[PDB]
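Just one chain is shown here, as structure tokens, and it is the form deposited in one PDB entry.
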């Protein structure tokens, strides 16, 4: 009972390159066992050697993309319920992301170009740890003026009731996010964002805080919420207290009161609203051991967005979130390599 393009999302279309590595690999690059960061010059060499020295696998990624795909799955109903914009290169990986996007029934529209190659994210695994390093490359080429502003494209944005952009995109195009954010405000549409990662509150506060007055629902996990409190000067490590001060932040559109939503891995999820702060136990999806916390976070938001779009109550939105988060589990050792290597 929801028409197409009801949910709009845009972000960094990335291809995840994952493999189990050794502590000598993490140290060569001075990485932390469990973390997320953008590639610097000292990392260029980390991608070549990852694929040459280890048993890597390829999965269409990009945080916001993943949510969009999870959401559309939950929606199921009309295909192309969820929209997604982003920049890719004109190459192999590019072709794959588009394909994986069609099979998701997502109404994807990418800005394709030849200068930069499709972007990737390395997921260097060690035991139960996951160290992510993104090489945005092409995902970093997004310009509103040359895509989001085009009428056929901006037209699809005008159809959505809910918009979602992971904060990851703030490092790429704050201008694009603002335009979308400002539009939700003026037309009383729902504008949602993610704290994405600690680095977003550390080195992008300016773009984030400029966008925050337009955020109707904020998402993020414990570590992102702790970093956000510390950089904003909250003076408190208490998650529920953080959710509360975050919910009171200056808001542009008074018609909607802010909602903050913080996932805690296996611990309770925390929702703060003008009224109160409440905790929600996660599904007894025990014995799950090898469970991508990050991927879990993304699927949570997708579940939550799936219901939110049709005005379900918040508790129902959270319920869907927890469900998606239990089911949609990526795993290592699943696919077969495309070409042998026998010799």
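Residue numbers count along the first chain shown, from 1. Superpose the two forms; the largest set of C-alphas matching within 1.5 Å is the rigid core.
Just so it is clear, the following notes concern the form deposited in another entry, a form of the same protein that is not shown.
Only one of 270, 106, 132, 170 has its C-alpha shifted by 2 Å or more between this form and the one not shown once the core is superposed, and that residue is 132.
Core-aligned CA deviation for residue 36 between this form and the one not shown: 2 Å or greater.
In this overlay on the rigid core, residue 55 has a C-alpha that sits 2 Å or more away from its partner position between this form and the one not shown. The two forms, fitted on the rigid core, differ between this form and the one not shown by less than 2 Å at the CA of residue 311.
In the other entry, the CA atoms of residue 37 and residue 197 move farther apart by at least 3 angstroms compared with the shown structure. CA of residue 226 to CA of residue 132: farther apart by 3 Å or more in the other entry than in the shown form.
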